[PDB]
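The data block below is start.cif; it holds mmCIF, N, CA, C and O atoms.
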data_upload
#
loop_
_atom_site.label_atom_id
_atom_site.label_comp_id
_atom_site.auth_asym_id
_atom_site.auth_seq_id
_atom_site.Cartn_x
_atom_site.Cartn_y
_atom_site.Cartn_z
N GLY A 1 -13.04 -9.29 -15.39
CA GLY A 1 -13.62 -8.67 -14.21
C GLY A 1 -14.42 -9.69 -13.39
O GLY A 1 -15.49 -10.12 -13.82
N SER A 2 -13.88 -10.03 -12.24
CA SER A 2 -14.53 -10.99 -11.36
C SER A 2 -15.85 -10.41 -10.84
O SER A 2 -15.86 -9.64 -9.89
N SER A 3 -16.93 -10.81 -11.50
CA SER A 3 -18.25 -10.34 -11.12
C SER A 3 -18.51 -10.64 -9.64
O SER A 3 -18.59 -11.80 -9.24
N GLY A 4 -18.62 -9.57 -8.87
CA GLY A 4 -18.87 -9.70 -7.44
C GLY A 4 -17.86 -8.88 -6.63
O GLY A 4 -16.66 -8.92 -6.91
N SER A 5 -18.38 -8.16 -5.65
CA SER A 5 -17.54 -7.33 -4.80
C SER A 5 -16.83 -6.27 -5.65
O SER A 5 -15.69 -6.49 -6.08
N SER A 6 -17.51 -5.16 -5.85
CA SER A 6 -16.95 -4.07 -6.64
C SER A 6 -16.65 -2.88 -5.73
O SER A 6 -17.53 -2.07 -5.45
N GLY A 7 -15.40 -2.80 -5.30
CA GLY A 7 -14.97 -1.72 -4.43
C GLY A 7 -13.47 -1.82 -4.14
O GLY A 7 -13.07 -2.05 -3.00
N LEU A 8 -12.68 -1.64 -5.19
CA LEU A 8 -11.23 -1.71 -5.05
C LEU A 8 -10.69 -0.30 -4.80
O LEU A 8 -10.06 -0.05 -3.78
N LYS A 9 -10.94 0.58 -5.76
CA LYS A 9 -10.48 1.95 -5.65
C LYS A 9 -10.74 2.46 -4.23
O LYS A 9 -9.84 3.03 -3.61
N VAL A 10 -11.96 2.25 -3.77
CA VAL A 10 -12.34 2.68 -2.44
C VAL A 10 -11.34 2.13 -1.42
O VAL A 10 -10.84 2.87 -0.57
N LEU A 11 -11.07 0.84 -1.54
CA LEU A 11 -10.13 0.18 -0.64
C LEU A 11 -8.80 0.94 -0.66
O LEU A 11 -8.31 1.36 0.38
N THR A 12 -8.26 1.09 -1.86
CA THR A 12 -6.99 1.79 -2.03
C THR A 12 -7.13 3.25 -1.61
O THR A 12 -6.14 3.94 -1.39
N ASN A 13 -8.38 3.69 -1.53
CA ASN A 13 -8.67 5.07 -1.15
C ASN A 13 -9.41 5.08 0.19
O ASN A 13 -10.15 6.01 0.48
N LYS A 14 -9.18 4.03 0.96
CA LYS A 14 -9.82 3.90 2.26
C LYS A 14 -9.09 4.78 3.27
O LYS A 14 -9.70 5.65 3.89
N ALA A 15 -7.80 4.53 3.41
CA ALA A 15 -6.98 5.29 4.33
C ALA A 15 -5.92 6.07 3.55
O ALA A 15 -5.53 5.67 2.46
N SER A 16 -5.50 7.18 4.13
CA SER A 16 -4.50 8.03 3.50
C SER A 16 -3.42 7.17 2.85
O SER A 16 -3.12 7.33 1.67
N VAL A 17 -2.86 6.27 3.65
CA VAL A 17 -1.82 5.38 3.17
C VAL A 17 -2.30 3.93 3.29
O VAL A 17 -2.48 3.42 4.39
N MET A 18 -2.48 3.31 2.13
CA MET A 18 -2.94 1.93 2.08
C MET A 18 -1.76 0.98 1.86
O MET A 18 -0.85 1.28 1.09
N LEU A 19 -1.83 -0.15 2.55
CA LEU A 19 -0.78 -1.15 2.44
C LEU A 19 -1.41 -2.55 2.41
O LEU A 19 -1.85 -3.05 3.44
N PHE A 20 -1.43 -3.13 1.22
CA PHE A 20 -2.01 -4.45 1.05
C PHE A 20 -0.92 -5.53 1.12
O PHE A 20 0.08 -5.46 0.40
N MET A 21 -1.16 -6.51 1.98
CA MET A 21 -0.21 -7.60 2.15
C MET A 21 -0.87 -8.80 2.83
O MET A 21 -2.00 -8.69 3.33
N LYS A 22 -0.16 -9.91 2.83
CA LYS A 22 -0.66 -11.13 3.44
C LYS A 22 -0.32 -11.13 4.94
O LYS A 22 0.85 -11.20 5.31
N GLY A 23 -1.36 -11.04 5.75
CA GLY A 23 -1.19 -11.03 7.19
C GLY A 23 -1.63 -9.69 7.79
O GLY A 23 -2.11 -9.64 8.92
N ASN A 24 -1.45 -8.64 7.00
CA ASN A 24 -1.82 -7.31 7.43
C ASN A 24 -1.11 -6.99 8.75
O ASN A 24 -0.49 -7.86 9.35
N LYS A 25 -1.23 -5.73 9.16
CA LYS A 25 -0.61 -5.29 10.39
C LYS A 25 -0.74 -6.38 11.45
O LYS A 25 0.12 -6.52 12.32
N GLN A 26 -1.82 -7.14 11.34
CA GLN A 26 -2.07 -8.22 12.28
C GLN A 26 -0.88 -9.18 12.32
O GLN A 26 -0.23 -9.33 13.35
N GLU A 27 -0.63 -9.80 11.18
CA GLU A 27 0.47 -10.74 11.07
C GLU A 27 1.54 -10.21 10.10
O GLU A 27 1.21 -9.54 9.12
N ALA A 28 2.78 -10.52 10.42
CA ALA A 28 3.90 -10.07 9.60
C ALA A 28 5.11 -10.97 9.85
O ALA A 28 5.58 -11.09 10.98
N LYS A 29 5.57 -11.60 8.78
CA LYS A 29 6.72 -12.49 8.87
C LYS A 29 7.83 -11.80 9.67
O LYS A 29 8.18 -12.26 10.76
N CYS A 30 8.34 -10.72 9.11
CA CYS A 30 9.40 -9.97 9.76
C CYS A 30 9.99 -9.00 8.74
O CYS A 30 10.26 -7.84 9.06
N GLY A 31 10.19 -9.50 7.53
CA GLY A 31 10.74 -8.69 6.46
C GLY A 31 9.82 -8.69 5.24
O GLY A 31 8.89 -9.48 5.16
N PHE A 32 10.12 -7.79 4.31
CA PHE A 32 9.33 -7.67 3.10
C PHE A 32 7.92 -7.16 3.40
O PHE A 32 7.56 -6.06 2.98
N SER A 33 7.18 -7.97 4.13
CA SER A 33 5.82 -7.61 4.50
C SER A 33 5.84 -6.57 5.62
O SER A 33 5.24 -5.50 5.50
N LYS A 34 6.54 -6.91 6.70
CA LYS A 34 6.65 -6.02 7.84
C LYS A 34 7.50 -4.81 7.46
O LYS A 34 7.28 -3.71 7.95
N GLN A 35 8.47 -5.06 6.59
CA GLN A 35 9.36 -4.01 6.14
C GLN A 35 8.56 -2.78 5.72
O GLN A 35 8.54 -1.77 6.44
N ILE A 36 7.92 -2.89 4.57
CA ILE A 36 7.11 -1.79 4.05
C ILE A 36 6.36 -1.13 5.21
O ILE A 36 6.40 0.10 5.35
N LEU A 37 5.70 -1.96 6.00
CA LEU A 37 4.95 -1.46 7.14
C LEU A 37 5.84 -0.55 7.98
O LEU A 37 5.63 0.66 8.05
N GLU A 38 6.83 -1.17 8.62
CA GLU A 38 7.76 -0.44 9.46
C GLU A 38 8.09 0.92 8.82
O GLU A 38 8.21 1.92 9.52
N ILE A 39 8.23 0.90 7.51
CA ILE A 39 8.55 2.11 6.77
C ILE A 39 7.31 3.01 6.72
O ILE A 39 7.38 4.19 7.04
N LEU A 40 6.20 2.41 6.31
CA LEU A 40 4.95 3.14 6.21
C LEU A 40 4.62 3.77 7.56
O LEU A 40 3.90 4.77 7.63
N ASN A 41 5.17 3.17 8.61
CA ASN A 41 4.95 3.66 9.96
C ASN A 41 6.08 4.63 10.34
O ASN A 41 5.82 5.74 10.80
N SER A 42 7.30 4.16 10.13
CA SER A 42 8.47 4.97 10.44
C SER A 42 8.26 6.40 9.95
O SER A 42 8.76 7.35 10.56
N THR A 43 7.53 6.52 8.86
CA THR A 43 7.25 7.82 8.28
C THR A 43 6.60 8.74 9.32
O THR A 43 7.00 9.89 9.47
N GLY A 44 5.60 8.19 10.00
CA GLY A 44 4.89 8.95 11.02
C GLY A 44 3.50 9.36 10.53
O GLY A 44 2.69 9.86 11.30
N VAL A 45 3.27 9.12 9.25
CA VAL A 45 1.99 9.46 8.65
C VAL A 45 0.94 8.43 9.07
O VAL A 45 1.20 7.59 9.94
N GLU A 46 -0.23 8.53 8.45
CA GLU A 46 -1.31 7.62 8.76
C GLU A 46 -1.51 6.62 7.61
O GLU A 46 -1.52 7.01 6.44
N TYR A 47 -1.67 5.36 7.99
CA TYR A 47 -1.86 4.31 7.00
C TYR A 47 -2.69 3.16 7.59
O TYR A 47 -3.01 3.16 8.78
N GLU A 48 -3.01 2.21 6.73
CA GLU A 48 -3.79 1.05 7.14
C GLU A 48 -3.39 -0.18 6.34
O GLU A 48 -2.60 -0.08 5.40
N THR A 49 -3.94 -1.32 6.74
CA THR A 49 -3.65 -2.57 6.07
C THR A 49 -4.94 -3.27 5.66
O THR A 49 -6.02 -2.93 6.15
N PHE A 50 -4.80 -4.25 4.77
CA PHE A 50 -5.94 -5.00 4.30
C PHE A 50 -5.56 -6.46 4.01
O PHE A 50 -4.38 -6.78 3.88
N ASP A 51 -6.58 -7.30 3.92
CA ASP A 51 -6.37 -8.71 3.65
C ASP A 51 -6.53 -8.97 2.15
O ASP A 51 -7.53 -8.57 1.56
N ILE A 52 -5.54 -9.64 1.59
CA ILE A 52 -5.57 -9.96 0.17
C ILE A 52 -5.91 -11.44 -0.01
O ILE A 52 -6.32 -11.86 -1.09
N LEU A 53 -5.72 -12.19 1.07
CA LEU A 53 -6.01 -13.62 1.04
C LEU A 53 -7.50 -13.84 1.27
O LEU A 53 -8.20 -14.34 0.38
N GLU A 54 -7.96 -13.45 2.45
CA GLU A 54 -9.36 -13.60 2.80
C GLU A 54 -10.25 -13.23 1.60
O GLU A 54 -11.20 -13.94 1.30
N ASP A 55 -9.90 -12.12 0.97
CA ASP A 55 -10.65 -11.65 -0.19
C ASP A 55 -9.84 -11.92 -1.46
O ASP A 55 -9.20 -11.01 -1.99
N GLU A 56 -9.91 -13.16 -1.91
CA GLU A 56 -9.19 -13.56 -3.11
C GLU A 56 -9.54 -12.62 -4.27
O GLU A 56 -8.65 -12.06 -4.91
N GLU A 57 -10.83 -12.47 -4.50
CA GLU A 57 -11.31 -11.61 -5.57
C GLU A 57 -10.48 -10.33 -5.63
O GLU A 57 -10.04 -9.91 -6.70
N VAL A 58 -10.30 -9.73 -4.46
CA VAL A 58 -9.53 -8.50 -4.36
C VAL A 58 -8.09 -8.77 -4.77
O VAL A 58 -7.50 -8.00 -5.53
N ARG A 59 -7.55 -9.86 -4.25
CA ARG A 59 -6.18 -10.24 -4.55
C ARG A 59 -5.87 -9.99 -6.03
O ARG A 59 -5.05 -9.14 -6.36
N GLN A 60 -6.55 -10.75 -6.88
CA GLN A 60 -6.36 -10.62 -8.31
C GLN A 60 -7.02 -9.34 -8.82
O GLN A 60 -6.56 -8.74 -9.79
N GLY A 61 -8.10 -8.97 -8.15
CA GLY A 61 -8.84 -7.77 -8.53
C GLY A 61 -7.95 -6.53 -8.43
O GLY A 61 -8.16 -5.55 -9.15
N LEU A 62 -6.98 -6.60 -7.53
CA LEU A 62 -6.06 -5.50 -7.33
C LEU A 62 -4.90 -5.61 -8.33
O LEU A 62 -4.68 -4.71 -9.13
N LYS A 63 -4.20 -6.74 -8.25
CA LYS A 63 -3.08 -6.98 -9.14
C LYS A 63 -3.51 -6.72 -10.58
O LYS A 63 -2.74 -6.17 -11.37
N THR A 64 -4.73 -7.13 -10.88
CA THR A 64 -5.27 -6.94 -12.22
C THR A 64 -5.56 -5.46 -12.48
O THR A 64 -5.60 -5.03 -13.63
N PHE A 65 -5.75 -4.73 -11.39
CA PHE A 65 -6.04 -3.31 -11.49
C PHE A 65 -4.75 -2.49 -11.49
O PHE A 65 -4.55 -1.63 -12.35
N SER A 66 -3.89 -2.78 -10.52
CA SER A 66 -2.62 -2.09 -10.40
C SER A 66 -1.63 -2.63 -11.43
O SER A 66 -0.76 -1.90 -11.90
N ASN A 67 -1.80 -3.90 -11.75
CA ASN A 67 -0.93 -4.55 -12.72
C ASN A 67 0.44 -4.81 -12.08
O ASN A 67 1.47 -4.75 -12.75
N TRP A 68 0.40 -5.09 -10.78
CA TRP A 68 1.62 -5.36 -10.04
C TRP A 68 1.29 -6.38 -8.94
O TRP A 68 1.05 -6.00 -7.80
N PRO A 69 1.29 -7.68 -9.34
CA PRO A 69 1.00 -8.75 -8.41
C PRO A 69 2.18 -9.00 -7.47
O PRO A 69 2.12 -9.87 -6.61
N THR A 70 3.23 -8.21 -7.67
CA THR A 70 4.42 -8.33 -6.85
C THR A 70 4.27 -7.54 -5.55
O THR A 70 5.02 -6.59 -5.30
N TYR A 71 3.29 -7.95 -4.76
CA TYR A 71 3.02 -7.28 -3.49
C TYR A 71 4.30 -7.19 -2.65
O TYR A 71 5.28 -7.86 -2.93
N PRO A 72 4.23 -6.32 -1.60
CA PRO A 72 3.02 -5.55 -1.34
C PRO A 72 2.86 -4.41 -2.35
O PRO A 72 3.65 -4.30 -3.29
N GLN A 73 1.84 -3.60 -2.12
CA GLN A 73 1.57 -2.47 -3.00
C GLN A 73 1.12 -1.26 -2.18
O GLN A 73 0.33 -1.39 -1.25
N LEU A 74 1.65 -0.10 -2.55
CA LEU A 74 1.31 1.13 -1.87
C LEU A 74 0.54 2.05 -2.82
O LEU A 74 0.94 2.23 -3.97
N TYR A 75 -0.55 2.60 -2.31
CA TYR A 75 -1.38 3.50 -3.11
C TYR A 75 -1.44 4.89 -2.48
O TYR A 75 -1.76 5.03 -1.30
N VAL A 76 -1.13 5.88 -3.29
CA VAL A 76 -1.14 7.26 -2.83
C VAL A 76 -1.83 8.14 -3.88
O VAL A 76 -1.68 7.92 -5.08
N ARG A 77 -2.58 9.11 -3.39
CA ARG A 77 -3.30 10.02 -4.27
C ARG A 77 -4.40 9.28 -5.02
O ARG A 77 -5.58 9.48 -4.77
N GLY A 78 -3.97 8.42 -5.94
CA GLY A 78 -4.90 7.65 -6.74
C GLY A 78 -4.17 6.63 -7.62
O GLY A 78 -4.63 5.51 -7.79
N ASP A 79 -3.04 7.08 -8.15
CA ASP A 79 -2.23 6.22 -9.00
C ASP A 79 -1.36 5.31 -8.14
O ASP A 79 -0.94 5.70 -7.05
N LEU A 80 -1.11 4.11 -8.65
CA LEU A 80 -0.30 3.14 -7.94
C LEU A 80 1.11 3.70 -7.76
O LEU A 80 1.73 4.17 -8.72
N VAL A 81 1.59 3.64 -6.52
CA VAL A 81 2.91 4.13 -6.20
C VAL A 81 3.96 3.10 -6.63
O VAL A 81 4.80 3.37 -7.48
N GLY A 82 3.86 1.92 -6.02
CA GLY A 82 4.78 0.84 -6.33
C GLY A 82 4.85 -0.16 -5.18
O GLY A 82 4.01 -0.14 -4.28
N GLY A 83 5.87 -1.01 -5.24
CA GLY A 83 6.06 -2.02 -4.21
C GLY A 83 7.16 -1.60 -3.23
O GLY A 83 7.74 -0.52 -3.37
N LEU A 84 7.41 -2.48 -2.27
CA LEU A 84 8.43 -2.21 -1.27
C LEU A 84 9.66 -1.60 -1.95
O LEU A 84 10.06 -0.48 -1.62
N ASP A 85 10.22 -2.35 -2.88
CA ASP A 85 11.39 -1.90 -3.61
C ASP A 85 11.21 -0.43 -3.99
O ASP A 85 12.14 0.37 -3.88
N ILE A 86 10.00 -0.11 -4.44
CA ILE A 86 9.68 1.24 -4.85
C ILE A 86 9.55 2.12 -3.60
O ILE A 86 10.32 3.06 -3.41
N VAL A 87 8.57 1.79 -2.78
CA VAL A 87 8.32 2.53 -1.56
C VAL A 87 9.66 2.86 -0.89
O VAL A 87 10.02 4.03 -0.74
N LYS A 88 10.36 1.81 -0.50
CA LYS A 88 11.65 1.96 0.15
C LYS A 88 12.48 2.99 -0.62
O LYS A 88 13.10 3.87 -0.02
N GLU A 89 12.48 2.83 -1.94
CA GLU A 89 13.23 3.73 -2.80
C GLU A 89 12.98 5.19 -2.39
O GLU A 89 13.91 5.89 -2.01
N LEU A 90 11.72 5.59 -2.48
CA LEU A 90 11.34 6.94 -2.13
C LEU A 90 11.87 7.27 -0.73
O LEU A 90 12.69 8.17 -0.56
N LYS A 91 11.38 6.51 0.25
CA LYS A 91 11.78 6.70 1.63
C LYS A 91 13.30 6.91 1.68
O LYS A 91 13.77 7.95 2.16
N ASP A 92 14.02 5.92 1.19
CA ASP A 92 15.47 5.98 1.17
C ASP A 92 15.91 7.34 0.64
O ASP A 92 16.65 8.07 1.31
N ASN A 93 15.45 7.66 -0.56
CA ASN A 93 15.78 8.92 -1.19
C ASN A 93 15.42 10.07 -0.25
O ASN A 93 16.18 11.03 -0.12
N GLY A 94 14.27 9.93 0.38
CA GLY A 94 13.80 10.95 1.31
C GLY A 94 12.71 11.81 0.67
O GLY A 94 12.68 13.03 0.87
N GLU A 95 11.84 11.16 -0.09
CA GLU A 95 10.76 11.85 -0.76
C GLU A 95 9.49 11.00 -0.72
O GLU A 95 8.84 10.80 -1.75
N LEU A 96 9.16 10.53 0.47
CA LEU A 96 7.97 9.71 0.65
C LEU A 96 7.02 10.40 1.63
O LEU A 96 5.81 10.39 1.44
N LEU A 97 7.61 10.98 2.67
CA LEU A 97 6.84 11.67 3.68
C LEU A 97 5.94 12.71 3.01
O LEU A 97 4.76 12.82 3.33
N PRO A 98 6.55 13.47 2.06
CA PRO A 98 5.82 14.50 1.33
C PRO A 98 4.89 13.88 0.29
O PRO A 98 3.98 14.54 -0.21
N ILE A 99 5.15 12.61 -0.01
CA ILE A 99 4.35 11.90 -0.99
C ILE A 99 3.14 11.27 -0.29
O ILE A 99 2.06 11.19 -0.86
N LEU A 100 3.37 10.83 0.94
CA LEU A 100 2.32 10.21 1.73
C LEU A 100 1.37 11.30 2.25
O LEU A 100 0.17 11.23 2.02
N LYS A 101 1.96 12.27 2.94
CA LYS A 101 1.18 13.37 3.49
C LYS A 101 0.12 13.80 2.47
O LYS A 101 -1.07 13.61 2.70
N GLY A 102 0.60 14.38 1.38
CA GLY A 102 -0.29 14.84 0.33
C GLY A 102 -0.38 16.37 0.32
O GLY A 102 -1.33 16.94 0.84
N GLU A 103 0.63 16.98 -0.29
CA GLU A 103 0.68 18.43 -0.38
C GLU A 103 -0.49 18.95 -1.22
O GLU A 103 -0.85 18.34 -2.23
N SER A 104 -1.04 20.07 -0.79
CA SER A 104 -2.15 20.68 -1.49
C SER A 104 -2.44 22.07 -0.92
O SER A 104 -2.27 22.30 0.28
N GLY A 105 -2.86 22.97 -1.80
CA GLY A 105 -3.16 24.33 -1.40
C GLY A 105 -1.91 25.05 -0.91
O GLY A 105 -0.90 24.42 -0.59
N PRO A 106 -2.01 26.41 -0.87
CA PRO A 106 -0.89 27.23 -0.42
C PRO A 106 -0.73 27.16 1.10
O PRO A 106 -1.65 26.77 1.81
N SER A 107 0.46 27.54 1.55
CA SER A 107 0.75 27.52 2.97
C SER A 107 0.73 28.95 3.53
O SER A 107 -0.04 29.25 4.44
N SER A 108 1.58 29.79 2.96
CA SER A 108 1.67 31.17 3.38
C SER A 108 0.81 32.05 2.48
O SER A 108 -0.10 32.73 2.95
N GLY A 109 1.12 32.01 1.19
CA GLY A 109 0.39 32.80 0.21
C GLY A 109 1.33 33.65 -0.63
O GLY A 109 0.90 34.38 -1.52
#

Serialized structure, structure tokens:
Amino acid sequence: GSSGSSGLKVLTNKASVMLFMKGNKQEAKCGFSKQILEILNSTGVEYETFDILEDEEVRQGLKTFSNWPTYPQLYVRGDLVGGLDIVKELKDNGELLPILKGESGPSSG
């Protein structure tokens, strides 16, 4: 545990849909990094990005927490969802929108 800066869960629980990557929405190569994004966006839901470089501690602090240094990483509800390969998977399948949104409580009754 890298003593210093204790607030990961919060980060992953900052925005409905969290997306950690190098460059953040700000910068994006084009694929892989931007991919997930485009998808996280294509969904139409709400999400955000974060810096994993600027905050090295977080970098490993996350991978060490999620146990998936194979960024990017998507966090939903509370448990780690997965990486692009994963995210895309859901989306592709067509079961991400309902995963991102966050179903809860009755609708009609």

If you count only N, CA, C and O atoms, which residues fall within 8 Å of residue 60 in chain A, apart from same-chain ones fewer than 6 positions away, as a list in words?
->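 Near residue 60 in chain A, the qualifying residues are residues 2, 52, 66, 67, 68 and 69 of chain A.
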
Centre, x/y/z edge lengths, axis-aligned box for range 13-29 of chain A with 5 Å per side, as lines of an AutoDock Vina configuration file:
center_x = -1.0
center_y = -2.2
center_z = 5.9
size_x = 28.3
size_y = 30.5
size_z = 24.9

Exercise: residue 13 in chain A partners within 8 Å, only N, CA, C and O atoms, chain neighbours under 6 positions left out, as a PyMOL selection string = chain A and resi 7+75-78

All residues 12 Å or closer to residue 32 in chain A, only C-alpha atoms, same chain fewer than 5 positions away omitted, as a ChimeraX atom specification | /A:20-24,37-39,70-73,83-88

If you run DSSP on the backbone, which residues of range 42-103 of chain A are strand (DSSP E or B), as a list in words?
->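 Of range 42-103 of chain A, only residues 47, 48, 49, 50, 51, 73, 74, 75, 80, 81 and 82 of chain A fall in strand (DSSP E or B).
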
Using all atoms listed in the file, which residue out of A:57, A:79, A:89, A:95 lies closest to residue 4 in chain A?
-> A:57

In chain A, DSSP alpha helix (DSSP H) residues written as a PyMOL selection string = chain A and resi 8-12+33-42+56-66+84-93+97-101

Got a sec to resolve the PyMOL selection byres ((chain A and resi 15) around 6) on this structure and send the residues as a PyMOL selection string?
-> chain A and resi 10-14+16-18+46-48+75

Could you state the separation of CA of residue 96 in chain A and CA of residue 8 in chain A in Å, given to one decimal place?
->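 CA of residue 8 in chain A lies at a distance of 23.1 Å from CA of residue 96 in chain A.
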
Identify which of the residues A:19, A:81, A:99, A:53 lies closest to residue 33 in chain A, counting only N, CA, C and O atoms when measuring atom-to-atom distances.
->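 Smallest distance to residue 33 in chain A is found for A:19.
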
Smallest atom-to-atom distance to residue 101 in chain A: which of A:45, A:30, A:40, A:58, using only C-alpha atoms?
->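 Ranked by minimum distance to residue 101 in chain A, first place goes to A:45.
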
Provide the atom O of residue 90 in chain A to atom C of residue 102 in chain A distance in Å, to one decimal place.
->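 Separation between atom O of residue 90 in chain A and atom C of residue 102 in chain A: 15.5 Å.
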
Figure out the distance between atom N of residue 34 in chain A and atom O of residue 62 in chain A, please, to one decimal in Å.
->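 That distance, rounded to one decimal, is 19.5 Å.
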